[PDB]
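First up is the structure itself, then whatever we jot down about it.
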Ligand SMILES: CCCCCCCCCCCCCCCCC[C@@H](O)O[C@H](CO[C@H](O)CCCCCCCCCCCCCCC)COP(=O)(O)OCC[N+](C)(C)C
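Chains as they are written, first to last, in the numbering used here: chain A, 2 to 71; chain B, 1449 to 1623.
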């Protein structure tokens, strides 16, 4: 009676643990990958992250400058 | 009794002597056990008959759970958490069953010691040998894992033991 009215079968907890473990393992591997990706992007700078500004080239004036040699 | 298997828990055929009264004087044990029978055993028997009929009026069953076999920790990839979970649960169940086996053998040994009385040292060599074999196997499996044991630690211990065995056999071959 107690088992019927207060508790559930082993399958529920078993498969819930399976799902929880799967989620947590994915989160762990995601964290490790994210750290490695950050290291690579900060080292090389070829990614979208850690992009530091440079001078905009639309500011350059391309016109004769009173002197042939610029 | 049918409530337990006679093969798992064996007993000798229970030979008992027959009363050989060499004197005519009445032994108080017989009369006293007869009056015990009359004053105790019959009322208890009748109460049990009542309870057993009431139980027979309402009959229902319960089942022993069956567990499937799953791949063990050896067929598991180094980081595959799901198979490791399955294997760890299976290994823990097997560990509990092994503990119960050792318990059964120890119960056999204790019953032998009490039953054979003054000649237990000779008449319990069978149970002692069985308990020695089972104890050696159980120790080889689970002796030193400590708290925080797992299937991986047991596998590492087995691998170390059988590496030592392979080295010893190779040394014997090349002796
Ligand atoms: C001899 C027979 C009786 C044996 C003794 C039994 C007594 C039990 C009392 C102790 C209970 C311990 C806790 C049990 C409940 C745990 C919480 C929850 O799980 O229980 C819920 C039920 O709890 C009850 O609704 C409430 C229990 C409250 C008990 C209070 C007792 C004392 C009250 C005293 C009041 C007196 C009157 C005021 C006087 C001033 C249902 O659970 P549920 O989430 O479905 O579980 C999922 C699995 N299912 C679906 C299969 C069930």
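We put the beta carbon where it would ideally sit given N, CA and C, even for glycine.
Alpha-carbon to alpha-carbon, residue j and residue i
{"i": "residue 34 of chain A", "j": "residue 1549 of chain B", "result": "47 Å"}
{"i": "residue 1586 of chain B", "j": "residue 1539 of chain B", "result": "14 Å"}
{"i": "residue 48 of chain A", "j": "residue 1534 of chain B", "result": "40 Å"}
{"i": "residue 1597 of chain B", "j": "residue 1536 of chain B", "result": "10 Å"}
{"i": "residue 1498 of chain B", "j": "residue 10 of chain A", "result": "36 Å"}
{"i": "residue 41 of chain A", "j": "residue 32 of chain A", "result": "14 Å"}
{"i": "residue 1488 of chain B", "j": "residue 1544 of chain B", "result": "42 Å"}
{"i": "residue 1473 of chain B", "j": "residue 1573 of chain B", "result": "42 Å"}
{"i": "residue 26 of chain A", "j": "residue 1600 of chain B", "result": "18 Å"}
{"i": "residue 1457 of chain B", "j": "residue 1490 of chain B", "result": "30 Å"}
{"i": "residue 1610 of chain B", "j": "residue 52 of chain A", "result": "56 Å"}
{"i": "residue 1689 of chain B", "j": "residue 1602 of chain B", "result": "Nothing in the structure corresponds to residue 1689 of chain B, since chain B is present only between 1449 and 1623."}
{"i": "residue 7 of chain A", "j": "residue 14 of chain A", "result": "14 Å"}
{"i": "residue 1542 of chain B", "j": "residue 1514 of chain B", "result": "13 Å"}
{"i": "residue 30 of chain A", "j": "residue 12 of chain A", "result": "27 Å"}
{"i": "residue 1561 of chain B", "j": "residue 1484 of chain B", "result": "30 Å"}
{"i": "residue 1627 of chain B", "j": "residue 5 of chain A", "result": "The structure shown does not extend to residue 1627 of chain B, since chain B is modelled only from 1449 through 1623, so no value can be given for it."}
{"i": "residue 55 of chain A", "j": "residue 65 of chain A", "result": "25 Å"}
{"i": "residue 1607 of chain B", "j": "residue 1569 of chain B", "result": "38 Å"}
{"i": "residue 1477 of chain B", "j": "residue 1464 of chain B", "result": "17 Å"}
{"i": "residue 1566 of chain B", "j": "residue 1551 of chain B", "result": "24 Å"}
{"i": "residue 1546 of chain B", "j": "residue 1553 of chain B", "result": "11 Å"}
{"i": "residue 19 of chain A", "j": "residue 1532 of chain B", "result": "10 Å"}
{"i": "residue 36 of chain A", "j": "residue 24 of chain A", "result": "19 Å"}
{"i": "residue 1516 of chain B", "j": "residue 1582 of chain B", "result": "25 Å"}
Simplified DSSP assignment, three categories, for residue i
{"i": "residue 1480 of chain B", "result": "helix"}
{"i": "residue 1505 of chain B", "result": "helix"}
{"i": "residue 21 of chain A", "result": "helix"}
{"i": "residue 11 of chain A", "result": "helix"}
{"i": "residue 1602 of chain B", "result": "helix"}
{"i": "residue 1587 of chain B", "result": "helix"}
{"i": "residue 1614 of chain B", "result": "helix"}
{"i": "residue 1567 of chain B", "result": "helix"}
{"i": "residue 52 of chain A", "result": "coil"}
{"i": "residue 67 of chain A", "result": "coil"}
{"i": "residue 1470 of chain B", "result": "coil"}
{"i": "residue 60 of chain A", "result": "helix"}
{"i": "residue 1574 of chain B", "result": "helix"}
{"i": "residue 1607 of chain B", "result": "helix"}
{"i": "residue 6 of chain A", "result": "helix"}
{"i": "residue 36 of chain A", "result": "helix"}
Amino acids of chain B, ordered along the chain, whose beta-carbon sits closer than 9 Å to that of residue i
{"i": "residue 42 of chain A", "result": "Those do not exist, as residue 42 of chain A stays about 25 Å from chain B at its closest Cβ, beyond 9 Å."}
Contact set between residue i and chain A, taken where Cβ atoms lie within less than 9 Å
{"i": "residue 1521 of chain B", "result": "The contacting residues do not exist; residue 1521 of chain B stays about 15 Å from chain A at best."}
Residue-chain proximity (residue i, chain E), Cβ-Cβ < 8 Å
{"i": "residue 1487 of chain B", "result": "The structure shown contains no chain E; the protein chains it does contain are A and B."}
Contacts of residue i in chain A (Cβ-Cβ under 7 Å)
{"i": "residue 1529 of chain B", "result": "22, 23, 26"}
Partners in chain B for residue i, counting only beta-carbon separations shorter than 8 Å
{"i": "residue 18 of chain A", "result": "1533"}
**Study point:** Any alpha helix (DSSP H) of 4 or more consecutive residues that is wholly inside the region 1486 to 1564 of chain B
**Key:** 1490 to 1505, 1529 to 1564
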